[PDB]
Each structure stands twice: as C-alpha cells, then as structure tokens.
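Visitor: Experimental structure below, sequence on top.
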Amino acid sequence: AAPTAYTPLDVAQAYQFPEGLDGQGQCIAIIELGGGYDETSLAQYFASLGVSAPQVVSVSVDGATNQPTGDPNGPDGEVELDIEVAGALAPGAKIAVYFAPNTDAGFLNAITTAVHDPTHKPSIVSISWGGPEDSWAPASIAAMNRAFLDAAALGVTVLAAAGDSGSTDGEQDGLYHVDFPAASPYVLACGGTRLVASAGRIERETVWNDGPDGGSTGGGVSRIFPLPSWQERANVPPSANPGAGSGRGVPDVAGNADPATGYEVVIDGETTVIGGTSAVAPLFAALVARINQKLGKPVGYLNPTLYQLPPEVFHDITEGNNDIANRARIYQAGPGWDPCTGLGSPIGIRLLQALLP
Ligand SMILES: [Ca+2]
C-alpha cells in the first residue's frame, strides 16, 4: 500500500473546499478531556503552511486546564491534531478549546459551556472523544443528547468522530456497537476513509479499514436512538446484532482517516502522521466555518438538510467494510448511504452552492 501522508490543505483541496473563505468571523469550539497544547508547535505548524495563525484560546471547565504532557503519543496528539487541522483550514476563524475533567459530567459541562458561551460565542463545536453507546450511563446519554438538542435549537453545529475501531467499537462482547456522541441524532457523525488524491482529483476513496491492529472507521446502527425521520430515505439497514432492531445510522459523512494516508502535523515539537476519525471532525468543522462565513448566518443543525440534498453534493464511497472483528464484513459500504461512510465525503463548493439560498 506504501504509506503516505497529506497536509490538511491537500485534503481540503481534494474535497474541493470553497476558496476565498477562511472562517473570518466564525468561532470553532473544540472539546478536550485531557492533555494540552503548547504554542511553540502551533506557531511553527501554521507558519509552515503559510496561513496566518488563528487566535487559539483555552477555556477552563470544572477546574480542568490546558496541560500538555509533552508526550507526542498521548492526549496532546488529539488536542494539537484537532487544533492544527481546523485552524489550518479555517485560519480566519477563532479557536476556543474547552478543557474539562475526563468524566461524564466534565464532558457534558464542557459541551454546554461552549454552546452557551457569551464570550466566545462559537457556532461550531468539534468533538473527537467518545465511547460505545451501550457502555454509557443512560442518564449521561440523556443529558448529552439534550445538550446536543439545545445546540441544534441555538444554531450551533456539532460534529463528532464516529470512532476508530470498526463496527465493534473496541468491545469484545461479540456484538456490534456504534460510538457516542456520534450516535446522537443531533450531531454530524464523522466516519473515515482511505483517500488517494492529488490536487486535481480523487484517484480512489474507500472505507478506512486497516484491521484490528491498524484501526477502522466506526459505523453501524444505533441501539439507543430510533431512525431519525430525515434519515428514513437513506436505506439504513437493521442492526446486524441478532434482534435486528431499527435505529439511527452512523455516520452521516466521512473523510480521510486512514493513518497510512494520514495527516502531517507537529505534536509536541514532533513532526508526524496521525489519522483516525478525530481528524475528520475538525476537518469538516472548518468546512462548516467557511460556509457560515459566506452565508449570512450559522448553518447550525445540518443533518436533516444534508440527507435531502442532490447526489452531486457527495462523493459516494462504495468500497470496503468496517469489520475488524470477524469475517462477516458487517457494515459494508455500498451505493448511497452506508454504515461505514454514510453520505460519503462532501464536495465543498457544491455543498456551499446547494446551501446558498
Ligand atoms: Ca456509499
């Protein structure tokens, strides 16, 4: 396969992000449950891409703080990857990073604190943290979902990585599981692809699946939320879990996540390649930032609208499956919406165009 890597700009070009728009006037919130970011590596990275470095600021929730541990392989990787990908692509936007303790309550408070923030007023929030929906406490899931509902009502977009361990989401109970908060019908669930592209076009884009050891995109059918009414025409299948219950299909969209075709970033002074679905949420959040800029108002809750747009708005991923546990190939990609890549990778200009009144 020969391992390769792209810079965030390269991917954005492949997905045809709208030119002449950089997030000017927008604020992107990013939730972090641990680690931190150092300004030295951010300045270097933004300088290296020739974009004017966006203002980045940390917010403390329940006493949590921006505390990079210095380990390029730890949580800093998540924090700096999120910041670099979103800022590199929406340099005109202001980035607000919310640090909360790694608990259900901290996660929730971080979310509600950002959504209702009068000082930073974000219109978009990026989430690259989560867990299988079946393991969360019901009360947590209920409160989280409500907060996501409130975000929808207020016109704030919320994106979340669908997970990096295929259809089983890293559990060893023999069942399939989708990840939360991705599972929430109020968040735009971000899946992962293996993208082979040059600036002029996409030579190939398939489901991200490197097996148990390399990871694979989360995706499947929720066991908690029923199929949303606006997703009833997407042909979501019934869960593969004996019982075959119907439910909200994950994800909604997908973008390059395979680390073998990863993103070049600088983590704690270290230049490297990182991937996974957590790179996808910031990727599209900057996409959203550009649309919001062009349009007069925040696009907010996008799901219902996305599922009703014409085929031209998306590059259909039809090859691959996200099964890393067995040979059943559960949740395979196919024509149209699928439990691996949902509607596929968006085409920036066409998405913008479709939403330009
Ligand atoms: Ca498809």
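Guide: Yep, that arrived. Numbering: from 1, shown residues only.
Visitor: State the helix or strand in which residue 351 lies.
Guide: Following DSSP states H and E, one finds residue 351 within helix 348-354.
Visitor: Same check on residue 196?
Guide: strand 188-197.
Visitor: which other helices and strands contact that strand?
Guide: Under the contact criterion of 3 or more C-beta pairs under 8 Å, 6 or more residues apart in numbering; DSSP states H and E, strand 188-197 touches helix 8-14, strand 157-161, strand 202-207, strand 253-256, strand 261-267, helix 280-294. Just so you know, the C-beta spots here come from the backbone N, C-alpha and C atoms, and that holds for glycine as well.
Visitor: Including mean neighbour count, could those go into JSON lines?
Guide: Formatted as JSON lines, the entries for the helices and strands packed on strand 188-197 read as follows, by neighbours: other C-beta atoms under 10 Å:
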{"stretch": "helix 8-14", "mean neighbour count": "21"}
{"stretch": "strand 157-161", "mean neighbour count": "28"}
{"stretch": "strand 202-207", "mean neighbour count": "19"}
{"stretch": "strand 253-256", "mean neighbour count": "28"}
{"stretch": "strand 261-267", "mean neighbour count": "22"}
{"stretch": "helix 280-294", "mean neighbour count": "27"}
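Visitor: Would you mind giving the ones you listed as CSV with distance to residue 232 added?
Guide: Formatted as CSV, these follow (distance: least, C-beta to C-beta, whole Å):
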stretch, distance to residue 232
helix 8-14, 31
strand 157-161, 22
strand 202-207, 23
strand 253-256, 18
strand 261-267, 33
helix 280-294, 23
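Visitor: Which of the ones you listed sits closest to residue 65?
Guide: Across those, residue 65 has its closest neighbour in strand 261-267 (18.9 Å, C-beta to C-beta).
Visitor: ok so, going back, list the helices and strands the helix holding residue 351 packs on?
Guide: Against helix 348-354 (3+ C-beta pairs under 8 Å, 6+ apart) you get helix 280-294.
Visitor: Now the element after the helix it packs on, going C-ward?
Guide: Next element after helix 280-294 (DSSP H and E): helix 303-306.
Visitor: you'd agree residue 336 is up against residue 237?
Guide: No: using C-beta atoms under 8 Å, residue 336 makes no contact with residue 237, being 11.6 Å away.
Visitor: Residue 104: neighbouring residues, count only.
Guide: Using other C-beta atoms under 10 Å, residue 104 is surrounded by 15 other residues.
Visitor: Tell me how far it lies from the ion.
Guide: 33 Å (C-beta to the ion, to the nearest Å).
Visitor: Excluding chain neighbours, what is closest to that residue?
Guide: The shortest distance from residue 104 to any non-neighbouring residue, by C-beta to C-beta, 6 or more residues apart in numbering, is to residue 140 (4.1 Å).
Visitor: hmm, back to that, C-alpha coordinates for the strand holding residue 196, CSV please?
Guide: Taking C-alpha atoms only, strand 188-197 is exported to CSV below (Å, rounded to 0.1, in the frame of the first residue of the first chain):
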residue,chain,number,x,y,z
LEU,A,188,-23.0,15.2,12.5
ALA,A,189,-21.2,11.8,12.8
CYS,A,190,-17.8,11.8,11.0
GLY,A,191,-16.6,8.5,9.6
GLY,A,192,-13.3,7.6,7.9
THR,A,193,-12.0,6.8,4.5
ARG,A,194,-8.7,5.8,2.9
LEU,A,195,-8.2,8.7,0.5
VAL,A,196,-5.8,8.6,-2.6
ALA,A,197,-5.9,12.0,-4.1
